[PDB]
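Asks: First the structure, which I've put down as structure tokens, then a few questions once you've had a look.
Reconstructed Cβ throughout: ideal geometry from the backbone, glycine too, with neighbour counts over all protein chains shown. Each reported figure results from applying straightforward, stated rules to the coordinates on display, with no laboratory input.
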Amino acid sequence: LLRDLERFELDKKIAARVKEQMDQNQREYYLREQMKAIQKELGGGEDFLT
Amino acid sequence: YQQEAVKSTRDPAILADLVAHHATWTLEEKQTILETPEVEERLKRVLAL
């Protein structure tokens, strides 16, 4: 059971590292998606953003 | 996705293919899945992106 506690801690620490690894990138793509969404969906090429 | 998880697939190459096929990627990043012979490098690649 001490081996099981060490196994669960070594699972959970690196799993929390992977949880941080996509929790950073989720907020990054939250910042990425919506600007290209709104100045793609507003008018388009005839919206003269050029 | 639970049939393509650890509970039914044990080989990380086959499980990496079954994770990486079930999205609609871009073509060059599908090639960076396909190019890598290392298990850990392509798994950290798909975990990153």
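Asks: Go through region B:1-16 and count every residue that is farther than 19 Å from A:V18 by Cα, surrounded by 14 or more Cβ atoms within 10 Å (Cβ to Cβ) and touching a residue at least 12 places away in the same chain (Cβ under 8 Å).
Replies: Going through region B:1-16 one residue at a time, the tally reaches 1.
Asks: Okay, next question. Of everything in region A:1-27 that's farther than 24 Å from B:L47 by Cα and either in contact (Cβ under 8 Å) with a residue 12 or more places away in the chain or part of a helix (DSSP H, G or I) (or both), which residue is nearest to the other protein chains (Cβ to nearest Cβ)?
Replies: A:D4
Asks: Taking region B:17-34, which residues are more than 24 Å from A:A15 (Cβ to Cβ) and surrounded by fewer than 10 Cβ atoms within 10 Å (Cβ to Cβ)?
Replies: B:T24, B:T26, B:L27, B:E28
Asks: Of the numbered conditions (1) away from chain B (no Cβ under 12 Å); (2) surrounded by 10 or more Cβ atoms within 10 Å (Cβ to Cβ), A:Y30 fails exactly one; give the number of that condition.
Replies: (2)
Residue-wise test of (1) part of a helix (DSSP H, G or I); (2) hydroxyl-bearing (S, T, Y); (3) under 11 Å from the mean Cα position of the chain (by Cα).
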| position | (1), (2), (3) |
| --- | --- |
| B:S8 | no, yes, no |
| B:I14 | yes, no, yes |
| B:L18 | yes, no, yes |
| B:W25 | no, no, no |
| B:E28 | yes, no, no |
| B:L34 | yes, no, yes |
| B:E41 | yes, no, yes |
| B:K44 | yes, no, yes |
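Asks: How about region B:34-49: which of its residues are within 18 Å of A:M22 (Cα to Cα) and away from chain A (no Cβ under 13 Å)?
Replies: B:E41, B:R42
Yes/no matrix, rows are residues, columns are (1) under 24 Å from A:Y29 (Cβ atoms); (2) among the small types (G, A, S):
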| residue | (1), (2) |
| --- | --- |
| B:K7 | no, no |
| B:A13 | no, yes |
| B:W25 | yes, no |
| B:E28 | yes, no |
| B:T36 | yes, no |
| B:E40 | yes, no |
| B:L43 | yes, no |
